[PDB]
Amino acid sequence: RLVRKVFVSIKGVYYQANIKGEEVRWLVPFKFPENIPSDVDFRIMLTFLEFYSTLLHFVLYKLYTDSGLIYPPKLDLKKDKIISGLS
Amino acid sequence: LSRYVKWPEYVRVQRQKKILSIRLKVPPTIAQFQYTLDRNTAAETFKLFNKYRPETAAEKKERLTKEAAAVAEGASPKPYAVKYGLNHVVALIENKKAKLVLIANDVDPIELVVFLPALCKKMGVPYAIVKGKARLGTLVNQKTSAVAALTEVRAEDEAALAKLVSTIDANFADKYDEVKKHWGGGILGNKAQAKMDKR
Amino acid sequence: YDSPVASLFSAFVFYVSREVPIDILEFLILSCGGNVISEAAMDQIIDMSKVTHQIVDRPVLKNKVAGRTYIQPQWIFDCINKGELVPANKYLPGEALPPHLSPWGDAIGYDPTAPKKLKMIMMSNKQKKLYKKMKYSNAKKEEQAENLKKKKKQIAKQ
Amino acid sequence: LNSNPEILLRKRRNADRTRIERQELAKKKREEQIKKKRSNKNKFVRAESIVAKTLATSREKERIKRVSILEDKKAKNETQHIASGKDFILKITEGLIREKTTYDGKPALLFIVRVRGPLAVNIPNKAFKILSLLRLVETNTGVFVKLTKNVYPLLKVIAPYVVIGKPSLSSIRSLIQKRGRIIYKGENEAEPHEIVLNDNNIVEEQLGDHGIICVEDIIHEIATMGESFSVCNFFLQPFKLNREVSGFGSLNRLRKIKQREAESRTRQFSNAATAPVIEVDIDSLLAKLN
Amino acid sequence: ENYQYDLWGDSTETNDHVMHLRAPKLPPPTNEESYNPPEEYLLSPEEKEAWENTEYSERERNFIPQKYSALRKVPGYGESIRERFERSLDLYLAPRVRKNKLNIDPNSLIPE
RNA sequence: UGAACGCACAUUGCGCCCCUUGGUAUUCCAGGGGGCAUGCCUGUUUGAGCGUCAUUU
RNA sequence: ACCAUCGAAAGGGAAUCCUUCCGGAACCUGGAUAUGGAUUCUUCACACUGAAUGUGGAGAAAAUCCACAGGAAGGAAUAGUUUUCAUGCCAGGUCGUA
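Residues numbered from 1 in each chain as written, not as in the entry; some residues may be left out. Chains lettered and ligands numbered in written order. Part of a larger assembly, values for the part shown. Heavy atoms only, no water.

Structure determination for the deposited model, as stated in its record, used cryo-EM, and the stated resolution is 2.98 Å.

A. Focus on the overall build of chain A. When helices and strands are counted, chain A shows two helices and three strands. Across chain A, helices and strands are ordered from the amino to the carboxyl terminus as β-β-β-α-α. For chain A, whose C-alpha radius of gyration is 16 Å, the value lies well above the compact-globule estimate of 12 Å for 87 residues. Sequence-distant contacts, at least 24 apart, represent 5% of the contacts inside chain A between residues at least 6 apart. Chain A carries 13 positive and 9 negative side-chain charges, and their two centres are separated by 10 Å. (Helix = DSSP H or I, 4+ residues; strand = E, 2+ residues; numbered from the N terminus. Rg over C-alpha atoms; globule rule 2.2 N^0.38 Å. Contact = heavy atoms within 4.5 Å. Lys, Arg positive; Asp, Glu negative; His and termini not counted. Charge placed at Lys NZ, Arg CZ, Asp CG, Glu CD.)

B. Expanded view of the protein's contact with RNA strand F. Around RNA strand F, a shell composed of 17 residues is seen, among which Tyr10, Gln14 and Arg15 of chain B, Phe44 of chain D together with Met19 of chain E lie nearest. Within 4 Å of the protein, the contacting atoms of RNA strand F are drawn from sugar and phosphate to the extent of 57%. Taking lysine 18 of chain B, its side chain carries an N or O atom lying 3.2 Å from a phosphate oxygen of RNA strand F. Taking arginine 46 of chain D, its side chain carries an N or O atom lying 3.3 Å from a phosphate oxygen of RNA strand F. Every element with two or more residues in the surface near RNA strand F is listed here: α1 (9-23) of chain B together with α2 (47-75) of chain D. With five residues, the single largest contributor to the surface near RNA strand F is α1 of chain B. (Near = heavy atom within 4 Å. Polar contact = N/O pair within 3.5 Å; in protein donor to acceptor, adjacent residues only side chain to side chain.)

C. Layout of the sheet that holds strand β4 (residues 147-150) of chain B. Residue and element names in this part refer to chain B. Strand order in this open sheet of four strands is β1-β4-β2-β3, and the pairing throughout is mixed. Looking at the sheet topology across the chains shown, the edges are occupied by β1 (83-84) and β3 (127-130). With respect to the sheet, helix α6 (residues 115-122) is in contact with β2 (100-104), β3 and β4, its orientation differing from that of β3 by roughly 160°. Here helix α8 (residues 158-176) sits on the sheet in contact with β2, β3 and β4, set at roughly 70° to β3. (Pairing = 2+ DSSP bridges. Axes fitted to C-alpha atoms, helices over the stretch in contact; angles between N-to-C directions.)

D. Inspection of the sheet that holds strand β1 (residues 3-8) of chain A at higher detail. All names here are of chain A. Here we have three strands laid out as an open sheet, ordered β1-β2-β3, and antiparallel in their pairing. Whereas interior strands pair on both sides, the edge strands pair on one side only; in this sheet they are β1 and β3 (22-28). The mean inter-strand angle of the sheet, taken between neighbouring strand axes irrespective of direction, is 15°. Relative to β3, strand β2 (residues 13-19) runs antiparallel, the two sharing seven bridges. Within β3, the residue paired with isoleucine 19 across the bridge is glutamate 22.

E. Structural context of empty space enclosed by the protein. Approximately 330 Å³ is the volume found for the largest cavity. Around the largest cavity, the lining comprises 25 residues; the ones closest to its centre are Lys31 and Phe32 of chain A, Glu19 and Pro21 of chain C together with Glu216 of chain D. For the lining of the largest cavity, the elements supplying multiple residues, two or more each, are α1 (23-30) of chain C together with α5 (169-178) and α7 (215-223) of chain D. Of the residues contributing to the lining of the largest cavity, the split by class is 14 nonpolar, four polar and seven charged. Forming the walls of the second largest cavity are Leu155, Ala159, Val162, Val163, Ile164, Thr266, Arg267, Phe269, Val277, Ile278 and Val280 of chain D. When contributions to the lining of the second largest cavity are tallied by element, the ones reaching two or more residues are β6 (162-163) and β10 (277-279) of chain D. Counted by class, the lining of the second largest cavity contains nine nonpolar, one polar and one charged residues. (1 Å grid on protein atoms, 1.4 Å probe; cavity = no way out; pocket = protein on both sides within 12 Å on 5 of 7 lines; lining within 4 Å. Points joined across faces, edges and corners; volume = space filled by probe spheres on them. Nonpolar A, V, L, I, M, F, W, Y, C, P; charged D, E, K, R; others polar.)

F. Seen up close, the pattern of salt bridges. One pass over the full model with this rule turns up 32 salt bridges over all chains. For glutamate 156 of chain B, the salt bridge goes to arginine 154 of chain B, with nearest N and O atoms at 3.5 Å. By relative accessible area, which is 61% here, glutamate 156 of chain B ends up exposed. Look at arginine 154 of chain B and you get partly exposed, because its relative accessible area is 29%. Among the ionic pairs, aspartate 217 of chain D bridges to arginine 18 of chain C, the shortest N-O distance being 3.4 Å. Taken together, the positions of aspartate 217 of chain D in helix α7 and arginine 18 of chain C in the loop between β1 (13-16) and α1 put the pair across two chains. With respect to class, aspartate 217 of chain D is no different from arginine 18 of chain C; both count as buried. Residues joined in a network through salt bridges with shared partners are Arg18, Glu19, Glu39 and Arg58 of chain C together with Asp217 of chain D. (Salt bridge = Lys/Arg side-chain N within 4 Å of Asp/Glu carboxyl O. Buried < 20%, exposed > 50% of the residue type's maximum accessible area, 1.4 Å probe, protein only.)

This is the structure:
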């Protein structure tokens, strides 16, 4: 229960949470089909994602273990087949 | 100026040898190696020969270790593969055991294989000159192989080998047996044919 | 817990309808202390016992059962930013929403919810240029604010 | 002078020109790929290709004729000299087990994915007609269908060209929310643009009369076969899926080898009149294809 | 066990070097970006065309504000991949400069 | 110093690479430590050559 | 596009005088930087940006210094670009020296 602020915009939804005394704001796009432009270079975005994924792996492990939770969390395959979200 | 510096010496010699290959009047025994199997016959020959490729080191080691592990706790048919190695294949030919012998046409010491078509014809063994010594090594798991041979074949492919032998007899032996024994390499260049053939 | 936002919706059970995106609303409700019974979750191969609210987005509702409170999604989006459970009268199915302002304000400080030249001679050249740049920046900010005010007044005319 | 330290990122140089150049390069690459693709239809045709096509198409045609005669015999309740009168369904699931169950009369929801058919086979008239009414001609493309007693004989004719199974709610939701297409009018004149479902305004404009005002209402009418199932099903148009392995480098070539090696065990076709309709786990496949 | 241990642990080490320049985050969204902004934020057709004709690197705002009467009416953003791509391009191609931004009022520069 | 090996040498001259330390120190200066010859062999990695080839399900 | 390196204490060569120490006074070279002014309505003046490329002068065979054609690129709203304009800071090893 760390969510502090929310803002629904035309680009997506901005969530601001309080992680260890820091304000963390991230944008989640709407769940709609995307139109991929041939202009962009995914060769760079893939490296950026490769770095960010490992950063989150370590940060999530630290956050889960500091709070006494078990990591990685067990996936409920029965509840994953209906909505497949955070729940 | 001096533009020769656009080619290193090894490239220049490498191309000079290529020119000398087609300008010189080569003897028939070395000339016969320019007559090789065509596209269809060579493509059909390597479909049969690729089904009897010998086991690699890793596969043979794995197969032997499985048997060893089975034995350590608590009647097979003869294998089939393509025969290679120059001495082994030559010994097979003169014993009349090889059913089909593929001879590479680009052996650098060409005298290693000059006697092979004659030995195969004299001993009544079907043979074919196949373009590429690096391609014979792929079905042998070596970088290059001067020769390849088929001594025994699985009963499923006995008809295919006979049909391939007949095809090579019709396409390669009976087709080139008159021009095989003629001196080759008398190709004339344009600057030379213009002044000799025309005049 | 340590913040009022983490205590909101504690004794609430929301019935999230099909129209509203469950992904961005169940997360917000659960992160405050609520419970979600999504309508989109009964399409695979409950019966709304303890539900106290319902988030709808249809132009017109059908059932309107007594007891429940019917709201539009923005209520949640406005109950978190204030953190004080704003009244649901302005968020009802079928009317116009309030303007949902950003938690981080306006770029130029404009508030939407609202009712020398003789001494410049002695300045050096670089000081005068810097002063003119600063005055131009301030004038542009004020002009951008006044344009928005004029547009608001024209809108409120009709 | 009352300053505040900060870090500043300078603007990138010549970004717009690079953007325009990349757009032009992408367009040129697409155009030249099309050029080379349609320029390769005039190449020499070897005899073996023609013979193989004839033989394989002759085998497939006999398969279809046998299946059609068997279904005609079962339809007229003339099941006296037929091999089998039961509508079997085979469920393949991965250590790979098979369930051979009799099909009910109960309608079901299926997601049919158009895969590449048998090699050296020209699609005969019956199978092509069935695939054309299903709007499944482009490979790597899927469609939602309602399985009933009359749809079942159709699935036995187009079996080698498709892979079938029952999707879950999460698969349906992710499929509609990631790959949604519509034939919608352009600016003023150009009709046949195939655009993505970005807003519910177009859905309300098109399907609003039936009561469908958002994408999530299409998801409801598809997940549960409703009265307006057909209207939205023929409104969504076939889904453009992603092929499993896409490439011809060494890593991708060996991925292709490993993927084909597993296809001999998952999509099995008996080439018989009484062949069961093969059903697989669509959730995992769509996890691969999404 | 990939990435299944504690990296930082209890350490409180700092990277405060003279040439460690950190990217200054990203400005927060404002009112005009909202899905239901006050009516005065919408652009006139003349302003819309002025924005449309401006170069992509010369635009003061990278979007046109829109007002939606409901949440279900909001469309998926179109230039969502491109914004992330531009941010990632700036993160390693844009030179980083230390600067002391001024914060005085203009009237202090006037001679007394 | 010498077969004598970073380059020269009738000079006790002139360089390059890596790590580290000290003085206002991201730029400057200095100190300390370790390296940089040729022919040949085996292997590793990176290449050149329209030299020989193969290349439609 | 074209070849290492050696070869001058009388050749070319940055700088000290009343030639090294002392006192006073002064230059040369290299480097990081700050201030003032200029770059005049906002964008390279009547100090005064200048890439590849091609030339000229001094040296006079080479080292070394400078300049010219050329038009690449860059420059503005809480410090725009340049700093051949002025001032301000630091340092200068080895060998010979009767």
